[PDB]
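Enquirer: structure, please.
(5 chains)
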Amino acid sequence: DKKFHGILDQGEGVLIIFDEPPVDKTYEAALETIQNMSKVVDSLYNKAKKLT
Amino acid sequence: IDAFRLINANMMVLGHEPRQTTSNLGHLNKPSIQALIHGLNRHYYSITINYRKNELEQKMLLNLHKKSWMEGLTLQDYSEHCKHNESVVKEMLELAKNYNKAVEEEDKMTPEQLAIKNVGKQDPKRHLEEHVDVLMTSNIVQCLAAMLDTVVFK
Amino acid sequence: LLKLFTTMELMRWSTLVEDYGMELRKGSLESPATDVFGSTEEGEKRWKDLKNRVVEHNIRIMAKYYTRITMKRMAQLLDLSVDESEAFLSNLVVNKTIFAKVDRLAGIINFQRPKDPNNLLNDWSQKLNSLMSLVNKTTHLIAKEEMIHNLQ
Amino acid sequence: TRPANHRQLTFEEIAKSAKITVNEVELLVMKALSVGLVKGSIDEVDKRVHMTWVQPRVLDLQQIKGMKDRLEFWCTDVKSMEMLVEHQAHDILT
Amino acid sequence: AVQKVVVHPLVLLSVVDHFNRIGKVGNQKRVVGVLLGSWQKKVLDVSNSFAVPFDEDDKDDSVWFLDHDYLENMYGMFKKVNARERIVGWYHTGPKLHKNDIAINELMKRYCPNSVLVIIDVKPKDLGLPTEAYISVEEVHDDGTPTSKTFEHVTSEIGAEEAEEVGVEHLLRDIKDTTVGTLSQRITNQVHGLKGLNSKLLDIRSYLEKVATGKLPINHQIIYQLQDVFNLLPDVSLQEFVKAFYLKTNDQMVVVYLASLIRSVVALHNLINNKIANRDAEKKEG
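Expert: Residues are numbered from 1 along each chain as shown, chains lettered A, B, ... in the order given. Take a look:
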C-alpha cells in the first residue's frame, strides 16, 4: 500500500529499509517526445504519399 | 570624434574647401544635419581621420585584456547542469506538440497566406532547433571537459 | 573544563570516577561538590545525568572521526551494555540530533552521510579545480624565485 | 612512505612499526587528527585507516629524484595526448 | 600588505612609446619611469605614469640617476591637472631585473611608504605573462637565514574602466571574436588551455632539475613546502568514480535521442517542401 519504503526476506527473516531517486523527470519527459515524434512522421509520410 | 579646420573670407562668394583630384572625400562622414545647422559648411570644413594602427601594441592590448587560463577546462559541474538539462526538454516537448499541430494541419488555405495570418513569433522553424543547438553545445562542452580531465590527471 | 573542550581529550568514565573521589571527602572547601553530587537523591539524579552528559559527549566525536564502528567496541568505549547502547542511540536519532543508522543483525553501524551520485562527482571536480589553480600559483612563485636568484 | 598510491593503511602496519598494541591504534590516530597534522578517517569493521594528509615538511633531496620521475610521466601524458586532440580536431580549430 | 595591483590599460601602452622614444638610441636596454596610481583598499589601482631621465653603468653597478628635481615638478603638474592622482611606485622594463633595483626602491619609499614596482615585458608578449609586481619586506629573516632585502611577490592582473573599453574595442576591430561559437570556440579554449598546462609543467620541470642538480640554494620555506601540500590530491580511486559514468550516459542521453532525431526530421521537412516546390513549379512553367 506504499505506506513505507522497504522489502522483506524469508531466507533470513529480515526487514530492509532503502530510498529511491526522484530524478526520473528527465527520462520520463524524454520518451514522451518520441510520441510527439511518432505522430509527425506518420503525418509526413501521409503528406508524401499524397503527392510524389 | 571629429576634427575641423577654419576657412578664410577671401573665397566667401566662391566655393570653399577648394578640393581637387582625389576620391576619398565622400567617405568618413557625410555632413550631419545636427552639425550643418551651425557653421558647416561656409565657416570651416570637415577633415578625414583614420587611425595609425600599429603592431607591437595591438596584440599586447588584445591578449592581455581578455584572457583566462584555467577557465577553459572548468566544470560548473553537474548539480547546476543536470537541472538545466531537466528544464529545457520539458517545454521542448510542448514545442514538439506545437510542431505537431502545424504539420497535421496542412490545409490549402493558400498556405503562404495562411502562415502570414497565423504569425505569432512562434514555432515553425525559429522556435525549433535553436534550443536543440543549445542542448547540443552545452552537453558536448560538458562531456569533453569531463573526459579530458580523466585522461590528463593520473 | 579543559577535559570537556573537544576531541575527546582522550577520556573514559572510569577515569572520571577516579578523578572524583575527592568531591565527597577532601579539597580546599569541598562544599558545593557535596551539595551538587554528594547528596543522596538529588545527587543520584545528577549522577545519572553526568553519566548521560559524558556519553552524549562521546557520540558526537565518534560521528566526527568514524566511517563505521562495530557494536562491541562502542559498548566498551561507552562503559555500558550493548542493549543500553541501543537505547541511547535510539532516542537520539528519533530526536534527529545525531545522524546515524544501525544494522543489528551483524552489529555494524555507520555514520556515513546518505550517498548521492552527483555530489560525489561534484567533489572530484572541486578537488581538480583546486589542484589546477594551486599549481598555477606554485609555478608563478617558482618562476619568481628563479628570477631573483639568477640575478643575485 | 606510500604517497597516496594505496593510502588506505592496515592496522597491523601501524601496530608493528609504532610497536604499539592493537587496541590503542585508534586512540593514537584520533590524537593525530585532534592535533591537525592529518585529516583522514577510521574504518573499524575492516580496521583500515583511510588517509587524507595536508601537513607539509622538509623532503631531503633524494625525494626530489623520485618527484622528477613522477613529473616526467606527468609530462608525456599531457604532451602526447594533447597532440592527439589537436590532430583530431584540427579542421574546426582555426 | 598589498592584495593585488590593477593594470589600467594606458600605463603599459605609455611604457611602450617611451621605450620607442629612446629606442632609436636604445642601448641601455632599460627604461625607468614613475608609476602613478590610485590607492583604494588593500587592493591597488593604477591609472597613469610618466618617465624620468635614467642612466646606469654595469661598471661598479651602483652608479645611476633618478632625477629628484624632475620627479618633483612634473608630478606637481599632474597633481595640478588632476588632484585625484598620486604616486604609488615606479616601473622598469628589460625583463631581467638588475642589481640596482634595491637602490631605486629603497630610495623612493620616502615618497610613498608602501611603494611597489612593476616589470613589464615590452618585447616578450607571447605566452602567459602581462606584468609582475614586487614588494619589499624586512622581518628578522626567517627561522635561520641571514637578513637581506628579498623582493617578494604581489599577484597582478589587467583591469579596465567604462569609457576606456570603448577605446579598446574601437581601436582593435581586427579579429572581433566573441565567446559564443560554443562548438568551435570552447574546444579551442580547451586546446590552448591545455597548451599552458604543459607550459607551467615545463617550467616546474626545469626548476627542480637545477636544484636537485643543486645549483641554487633550496628555498626551505615555500618553494616545495607548498608543493608538499600539492602532490597528494589527484585522487583517482576507481570503483566508485567508475560509477560516475552513468551520469556520463545521462549527459549522453539528451544528445542522442533528442538532438539527433529532431534535427534530422526538420531537415526532412525541407526535402518534401522543396520537392513539391521543384516539380509543381516545373509542371506550371509550360
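
Enquirer: setting the sequence-adjacent residues aside, check what's closest to residue D:39.
Expert: Closest residue to residue D:39 apart from its sequence neighbours, by Cβ to Cβ, 6 or more residues apart in numbering or on different chains: residue D:52 at 5.0 Å. Every residue, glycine included, has its C-beta placed from N, CA and C.

Enquirer: what residues are up against the one you found?
Expert: The contact partners of residue D:52, by Cβ atoms under 8 Å, 6 or more residues apart in numbering or on different chains, come to D:38, D:39, D:40, D:41, E:232.

Enquirer: who's in contact with the second one?
Expert: This means residue D:39. D:33, D:52, D:53, D:54.

Enquirer: for chain D, give the helix that spans the most residues.
Expert: The helix that spans the most residues within chain D, counting by DSSP state H, is helix D:62-88.

Enquirer: packing partners of that one?
Expert: In terms of contacts (3 or more Cβ pairs under 8 Å, 6 or more residues apart in numbering or on different chains; DSSP states H and E), helix D:62-88 is packed against helix B:130-152, helix E:184-194, helix E:197-212.

Enquirer: point me to the residue of the stretch 151-286 of chain E nearest chain D.
Expert: Nearest to chain D in the stretch 151-286 of chain E, going by Cβ to the nearest Cβ, is residue E:228, at a distance of 3.5 Å.

Enquirer: these two touch, right, that residue and residue D:57?
Expert: Yes. Applying Cβ atoms under 8 Å as the test, residue E:228 and residue D:57 come out as touching, 6.9 Å apart.

Enquirer: between these two, which one's more packed in?
Expert: Under the criterion of other Cβ atoms under 10 Å in any protein chain shown, the comparison of residue E:228 against residue D:57 puts residue E:228 first, with 17 against 9.

Enquirer: and that one, helix, strand or coil?
Expert: helix (DSSP: H, G, I helix; E, B strand; the rest coil).

Enquirer: near chain D at all, stretch C:70-80?
Expert: Yes. Applying Cβ under 8 Å from any Cβ of the partner chain, one finds stretch C:70-80 touching chain D at C:70, C:73.

Enquirer: rewinding a little: and the furthest pair within the contacts of residue D:52?
Expert: Using Cβ to Cβ, these reach their maximum pairwise distance at D:41 and E:232, which is 15.1 Å.

Enquirer: how many neighbours does residue B:74 have?
Expert: Count around residue B:74 with other Cβ under 10 Å applied: 17.

Enquirer: revised request: answer the last question for residue C:49.
Expert: Using other Cβ under 10 Å, residue C:49 has 12 other residues around it.

Enquirer: run the chain-centre distance for the host helix or strand of it.
Expert: Per DSSP states H and E: residue C:49 is located in helix C:41-65. How far helix C:41-65 lies from its chain's middle: 13 Å, per Cα atoms, centre = their mean, to the nearest Å.

Enquirer: now stretch E:18-35
Expert: Taking Cα atoms, centre = their mean, the mean C-alpha location of stretch E:18-35 is offset from the chain mean by 22 Å.

Enquirer: surely residue D:64 meets residue E:208?
Expert: Yes. Residue D:64 is within contact range of residue E:208, at 5.5 Å (criterion: Cβ under 8 Å).

Enquirer: list residues touching both of these two?
Expert: In terms of Cβ under 8 Å, 6+ apart, residue D:64 and residue E:208 are both contacted by the residues residue E:224.

Enquirer: what residues does chain A have near chain B?
Expert: Proximity of chain A to chain B is confined to A:23, A:25-26, A:29-30, A:32-33, A:36-37, A:39-40, A:43-44, A:47 under the rule Cβ under 8 Å from any Cβ.

Enquirer: quick one: buried ones out of these?
Expert: A:26, A:29, A:30, A:33, A:36, A:37, A:39, A:40, A:43, A:44 (16 or more other Cβ atoms under 10 Å in any protein chain shown).

Enquirer: mind checking the SS state of the first one?
Expert: The one in question is residue A:26. helix.

Enquirer: count of neighbours near the nearest residue to it once chain neighbours are set aside?
Expert: Using Cβ to Cβ, 6+ apart and skipping the chain neighbours, the partner closest in space to residue A:26 is residue B:86 (5.4 Å). Residues within reach of residue B:86, counting by other Cβ under 10 Å, total 14.

Enquirer: how close does residue B:86 get to residue E:263?
Expert: 21 Å (Cβ to Cβ, to the nearest Å).

Enquirer: excluding covalently adjacent residues, which one is nearest to the closest residue to chain D within chain C?
Expert: Using Cβ to the nearest Cβ, residue C:7 is the residue of chain C that sits closest to chain D, at 3.7 Å. Excluding the flanking residues, the one nearest residue C:7 by Cβ to Cβ, 6+ apart is residue D:34, at 3.7 Å.

Enquirer: roughly how far apart are residue C:41 and residue C:47?
Expert: According to Cβ to Cβ, residue C:41 and residue C:47 sit 10 Å apart.

Enquirer: in terms of neighbours, single out the busier of these two.
Expert: Taking neighbours as other Cβ under 10 Å, residue C:41 and residue C:47 compare with residue C:47 leading, 12 against 7.

Enquirer: touching, that one and residue C:38? I think so.
Expert: No. Using Cβ under 8 Å, residue C:47 is not in contact with residue C:38; the gap is 10.1 Å.

Enquirer: count the residues that sit near the closest residue to residue E:114 other than its chain neighbours.
Expert: Leaving aside its sequence neighbours, residue E:114 sits nearest to residue E:2 (Cβ to Cβ, 6+ apart; 6.6 Å). Taking other Cβ under 10 Å as the criterion, the count of residues near residue E:2 is 17.

Enquirer: how about the one 3 residues further on?
Expert: Burial of residue E:5, expressed as a neighbour count using other Cβ under 10 Å, amounts to 25.

Enquirer: now swap in residue E:205 and tell me
Expert: Burial measure for residue E:205: 15 neighbouring residues, criterion other Cβ under 10 Å.

Enquirer: residues touching it, list them.
Expert: Residues counted as contacts of residue E:205 (Cβ under 8 Å, 6+ apart) are D:71, D:72, D:75.

Enquirer: for ChimeraX, write a command that selects the buried ones of the contacts of residue D:52.
Expert: In ChimeraX, a selection of the buried entries from the contacts of residue D:52 looks like this (16+ other Cβ under 10 Å):
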select /D:40,41 /E:232
